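First comes the structure, then the notes that go with it.
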Amino acid sequence: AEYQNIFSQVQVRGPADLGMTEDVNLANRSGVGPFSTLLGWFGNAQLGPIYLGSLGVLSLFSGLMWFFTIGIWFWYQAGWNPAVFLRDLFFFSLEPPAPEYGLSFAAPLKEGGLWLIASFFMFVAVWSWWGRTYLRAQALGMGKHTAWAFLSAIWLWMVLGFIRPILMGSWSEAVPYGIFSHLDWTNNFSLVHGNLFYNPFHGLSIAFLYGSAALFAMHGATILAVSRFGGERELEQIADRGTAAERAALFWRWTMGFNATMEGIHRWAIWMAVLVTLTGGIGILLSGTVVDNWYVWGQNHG
Amino acid sequence: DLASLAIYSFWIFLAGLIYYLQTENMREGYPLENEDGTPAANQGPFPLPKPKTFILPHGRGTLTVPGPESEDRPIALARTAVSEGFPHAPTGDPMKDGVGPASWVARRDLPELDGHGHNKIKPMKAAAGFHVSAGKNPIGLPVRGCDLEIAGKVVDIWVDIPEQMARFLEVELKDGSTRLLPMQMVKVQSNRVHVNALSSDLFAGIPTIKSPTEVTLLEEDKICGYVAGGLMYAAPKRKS
Amino acid sequence: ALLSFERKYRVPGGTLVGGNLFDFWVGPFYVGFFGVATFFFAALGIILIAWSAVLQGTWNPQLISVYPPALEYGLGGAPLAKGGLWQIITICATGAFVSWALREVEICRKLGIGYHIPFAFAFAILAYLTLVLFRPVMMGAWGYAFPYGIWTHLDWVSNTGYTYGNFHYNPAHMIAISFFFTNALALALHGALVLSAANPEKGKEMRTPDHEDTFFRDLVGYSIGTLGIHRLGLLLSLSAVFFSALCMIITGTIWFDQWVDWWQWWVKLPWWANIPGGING
Ligand code: BCL
Ligand code: BCL
Ligand SMILES: CC[C@H]1c2cc3[nH]c4c(c3C)C(=O)[C@H](C(=O)OC)c4c3nc(cc4[nH]c(cc(n2)[C@@H]1C)c(C(C)=O)c4C)[C@@H](C)[C@@H]3CCC(=O)OC/C=C(\C)CCC[C@H](C)CCC[C@H](C)CCCC(C)C
Ligand SMILES: CC[C@H]1c2cc3[nH]c4c(c3C)C(=O)[C@H](C(=O)OC)c4c3nc(cc4[nH]c(cc(n2)[C@@H]1C)c(C(C)=O)c4C)[C@@H](C)[C@@H]3CCC(=O)OC/C=C(\C)CCC[C@H](C)CCC[C@H](C)CCCC(C)C
Ligand SMILES: COC(C)(C)C/C=C/C(C)=C/C=C/C(C)=C/C=C/C(C)=C/C=C\C=C(C)\C=C\C=C(/C)CC/C=C(\C)CCC=C(C)C
Ligand SMILES: CCCCCCCCCCCC[N+](C)(C)[O-]
Ligand SMILES: CCCCCCCCCCCC[N+](C)(C)[O-]
Ligand SMILES: CCCCCCCCCCCC[N+](C)(C)[O-]
Ligand SMILES: [Fe+3]
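Residue numbers (UniProt numbering), protein chains in the order written: chain A, 2 to 303; chain B, 11 to 250; chain C, 2 to 282.
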């Protein structure tokens, strides 16, 4: 029988959408890319255009220098052998300097100086990309929620690779660039601090992650169930409430006794998501700097 | 110690947040009312927040919420019981009267505009140069209702220009007029479009748009409302 | 009390069981048949949990824990105070959840909307049942299930994980985790995007979905769109749950050694298995 709106039945296309101008410098906008019919079954078919100013270029050259630096080490660990490289891909690892070196930049390339260089390029990449999330919003007249949310992610990333090591007194506390190595680090970090299940901020972090999945499932499901009334046109439902927004609200009111608004749900969503990395970064930053063992900490309720 | 303080603080912040979030979500529908329209005695422990004001593009003015609430329309329903909490019975034809799952909101009787101030939704024929890019073109197919009777034929797709997606099929009835059907309520099959929500006799009662080539938020609501309402109210003529 | 717009939606109809008998509300909450069933199952479950806490000797909510029957009982029943209660509470929980979903269906029918929400919810339920029913049954004892206590379940999660070394190496768990992380990324982006348009710079007019598309295209070269992003959240969320269930359904059943060693299938492929150099030669 009936149709569910997970995939489109019919695509339509017209001239490529170059976008709103507002205060964007159009010189820095590429041109449209291909249209992907595959993508179109699910979302939009139009690829591009993208905006590449100075920050963008910097961000992305730096991002590649990070990736190429890690990759150059991978080949070296492979003794330049293409077969070994693919075989051992998930085992290679770019490790930070040893404790010996503390926080200094003294360490030889093969003993973690290369990790410092990779880390330098990544730091430029991410912060400049951050600067980009803010500016591309500024140029369009939009609020800066995106930059503020991305900052929550950054916080966790900074805590792991930069702030915590600094406070701990050595780069060897940081995370190695490798697939398996980074999971071993993670496991070993929990063991070494008494199991992070006893870290109350870890427990929150989990609550919000799981919560993020429930909320997006609820929200997405909800919007699809009222998309036969135009529900996905969220910004106009905010400006002039229609029956989509009302049936949404009422589904939930009747189900769990309270509900949201078409705008407010997006606030629940931004905060549910950002509290994951927000609580997480704190839990981590406290670990070893202030608390050597969360079980023991927990035994004194604090 | 610092961790105690950090964690204690965080619960405090988190209660503040839940309060901001809960109150923000009372910018519509509040104050709570009794079944006759008057304000309810108990509104709960959260107050209404200080109003905020959305400036709307294209001289459409502002929206300020919270503010005076009201249906701005009649509601053909009546109580079926002597206390709060029971269903309200349609006093007429709930499809024609726009109640129940056939409900509509008195939204503004203008069209959604795009970022350029142009009508967001147009029939494909007036949208240069839109066209079906994949899937089976429904234009030309007969349209079958849940009674398994042919109710018309598809004469165009109405499309959302900026987002480039099909929003409605325009269908033509025995009498030569058309109606819009929401895209999300039809199955395009190889040799027909099937519409489970409506039996063939109810296509004439689809609210009709005042201009052949635009559609307003008010009208989209009546159309989408009427069609969905058929799920419940046309079940005596569906069928399988 | 009703929201200002609610009355017109409060009509008869939509029930799956018992016609008009239970067709009513209590304050905001719809009831229905499945609201009655949900209360019965939940109330019973809670009573028996309280009963279990008497038998355990504590009212502290952070100490209350209901364990399933020890492994010696296999899939048979067990005396109440040595696992039988956990078994009954589990039937109660399953009743309550499934009833919750069915009640959601009734609500959908009355409101004339799609069924996506309960269908989604059904994923959470199947994940619950993977842990307490499907996996224990495939493994031969109720005692492989998790206990019902705030901290004891965490204790089970660690023991269960470390029985297989570092559980990170379960490849199905890796995919799940990626979806969980990705979903939260998308939720952050979606909420921020809509809020950045609805709440532009001071003084300015609301932005439009064209602005949202434009912001994303300028940022990363692609916009999935407003239907797209809701489809995506759903997919990401449920795929995370689907692969969670799967990461556990296979664990202790088709794979029961250390997850880390699974990966040797790749390292040992004939064409490079013996080549010296690298990490594994
Ligand atoms: C054995 C392992 C330990 C454990 C050890 C740890 C450690 C260590 C940590 C966590 C952390 C977390 N744990 Mg744990 N954790 C355990 C068991 C669990 C269990 C469970 C048992 O079911 C769950 C559900 C979790 C869940 C979680 C998450 C809530 C949390 C990370 C949030 C997040 O979004 O990270 C992912 C998000 C980020 C890392 C942010 C990244 C942002 C940057 C800017 C992105 C840069 C990308 C780069 C530029 C590449 C670009 C490529 C592009 C394609 C262009 N843990 C056990 C006890 N866990 C983290 C945390 O916060 O702990 C408090 C953390 O450090
Ligand atoms: C030492 C621990 C091991 C480990 C061992 C395990 C074990 C063991 C398990 C997981 C599972 C998971 N692991 Mg692990 N895992 C580890 C480290 C991690 C890390 C990390 C950062 O290192 C992350 C991000 C994760 C992430 C995950 C998730 C993929 C998954 C949990 C989500 C889930 O299944 O929800 C699914 C959702 C549910 C089950 C909830 C269903 C809820 C029901 C339907 C309703 C509840 C109603 C309620 C009672 C209502 C109350 C009344 C009021 C109204 C509120 N693990 C380490 C390496 N991991 C679990 C998994 O996949 O389970 C299938 C699992 O069993
Ligand atoms: C709130 C917490 C959640 C979160 C939020 C979040 N993340 C965010 C944001 C937000 C709000 C952004 O705004 C920002 C973003 O732009 O998303 C679209 C971002 C972001 N989140 C990202 C990753 C990320 N987020 C993660 C997690 C999370 N993000 C949390 C769950 C994770 C996890 C879970 O580990 C990852 C891996 C990025 C997609 C983006 C930040 C991008 C960045 O900093 O770029 C620098 C690097 C490069 C520019 C290049 C990298 C090198 C490539 C691997 C090479 C491949 C090809 C190359 C790019 C093509 C070029 C070809 C040339 C020849 C032309
Ligand atoms: C499938 C994707 C995600 C998801 C989706 C999802 N959850 C959903 C929905 C959807 C679509 C709803 O429609 C439904 C809802 O109404 O939300 C408000 C819901 C819901 N998800 C909930 C919880 C929940 N979801 C979780 C996860 C997820 N939900 C997934 C990540 C988790 C995790 C991650 O741990 C929890 C705890 C509830 C708030 C709600 C279901 C409420 C419900 O079923 O009510 C009826 C039952 C009772 C009122 C109580 C029954 C009591 C039992 C009889 C006794 C208790 C037994 C229990 C086993 C004890 C366990 C205790 C210990 C583990 C501590
Ligand atoms: C095919 O071969 C080519 C040559 C094409 C390239 C192939 C490359 C390959 C295969 C690359 C693979 C890369 C991988 C697997 C990378 C994995 C990275 C992971 C998992 C990273 C995880 C965590 C990283 C964190 C937490 C990093 C945090 C970093 C910071 C906070 C930056 C800190 C900056 C520092 C210390 C430098 C400070 C320096 C100055 C000068 C102030
Ligand atoms: C990010 C997801 C990428 C899109 C992949 C989905 C392609 C599936 C196409 C479904 C076909 C639908 N059809 C032909 C019946 O209409
Ligand atoms: C958007 C806000 C939603 C709030 C969700 C709060 C869930 C709290 C769950 C308990 C946390 C665990 N612990 C150990 C820190 O107590
Ligand atoms: C909320 C974050 C608070 C961080 C507190 C920082 C204290 C600095 C002392 C760290 C001691 C670690 N070490 C190894 C140097 O002894
Ligand atoms: Fe949304």
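Ideal Cβ placement from N, Cα and C applies to all residues, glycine included.
Annotated as proximal: A/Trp269 and B/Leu31, with beta-carbon spacing under 9 Å. B/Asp185 carries a coil assignment under DSSP once its states are collapsed to helix, strand and coil. Within chain C, the residues whose beta carbon sits less than 7 Å from that of B/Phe96 are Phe25, listed in sequence order. Not one heavy atom of ligand 3 sits closer than 8 Å to the Cβ of A/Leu110. Shortest Cα-Cα distance from C/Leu56 to any of C/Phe34, C/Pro80 and C/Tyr74 involves C/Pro80. For B/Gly71, DSSP records a beta bridge to B/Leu66.
When rounded, the separation of the alpha-carbon atoms in C/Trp26 and B/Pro148 is 42 Å. Under the three-state reduction of DSSP output, A/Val33 falls in the coil class, being neither helix nor strand. With a beta-carbon spacing of about 16 Å, A/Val33 and A/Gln12 fall beyond the 8 Å limit used to define contacts. Distances from the alpha-carbon of C/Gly75 to those of C/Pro201, C/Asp258, C/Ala146 and C/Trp256 put C/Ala146 closest. Within 9 Å of the CB of A/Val25, the CB atoms of chain C belong to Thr215 and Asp219, in sequence order along the chain. Here DSSP, grouped into helix, strand and coil, assigns A/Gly281 to helix. Selection B/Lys232, B/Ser113, B/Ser143 and B/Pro78 evaluated against C/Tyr10 yields B/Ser113 as nearest (Cα-Cα).
Using a Cβ-Cβ cut-off of 9 Å, C/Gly46 does not count as an interface residue toward chain A, since no Cβ of chain A sits closer than that to its own. C/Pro210 is classed as buried because its beta carbon has at least 16 other beta carbons within 10 Å across all chains shown.
At least one CB of chain A lies nearer than 9 Å to the CB of C/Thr209.
Under the 10 Å beta carbon count, B/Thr74 is surrounded by fewer than 16 other beta carbons and is classified as exposed. Residue environment for B/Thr223: exposed (fewer than 16 other C-beta atoms within 10 angstroms of its C-beta). Under the three-state reduction of DSSP output, B/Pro192 falls in the strand class.
With respect to the C-alpha of A/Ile180, the residue from C/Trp264, C/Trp52, C/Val32 and C/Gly278 having the closest C-alpha is C/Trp264. The C-beta separation of C/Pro29 from A/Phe259 comes to about 7 Å, placing the pair in contact by the 8 Å criterion. The straight-line gap separating the alpha-carbon atoms of B/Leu42 and C/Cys93 is approximately 35 Å. By the Cβ neighbour-count rule, B/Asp82 is exposed, with fewer than 16 other Cβ atoms within 10 Å of its own.
Below the 7 Å Cβ cutoff, chain A contributes no neighbours of B/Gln53, its closest Cβ being approximately 13 Å away. In chain order, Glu173 make up the part of chain B whose C-beta sits under 7 Å from the C-beta of C/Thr227. For C/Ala54 and C/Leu235, the gap between their C-alpha atoms comes out near 38 Å. Interface annotation, B/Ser209: not in contact with chain A, CB-CB separation never under 9 Å.
Using a Cβ-Cβ cut-off of 7 Å, B/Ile216 is close to nothing in chain C; its nearest Cβ partner there is about 15 Å away. Straight-line measurement puts the Cα of C/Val37 at about 45 Å from the Cα of B/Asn201. With a 10 Å radius around the Cβ and a threshold of 16 neighbouring Cβ atoms, A/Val58 comes out exposed. At least one C-beta of chain B is nearer than 9 Å to the C-beta of A/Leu205. Of all residues in the region 90-115 of chain C, those with a C-beta nearer than 9 Å to a C-beta of chain B are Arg110, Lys111, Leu112, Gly113, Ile114 and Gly115, reading in chain order.
Rounded to whole angstroms, the separation of the alpha carbons of A/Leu276 and A/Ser153 is 8 Å. Apart from the 5 residues on each side of it in sequence, A/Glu235 sits with its Cβ closer than 7 Å to the Cβ of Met263 in its chain, given in chain order. Interface annotation for the region 26-49 of chain A against chain B: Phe36, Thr38, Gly41, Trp42, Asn45, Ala46 and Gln47, criterion Cβ-Cβ distance under 9 Å.
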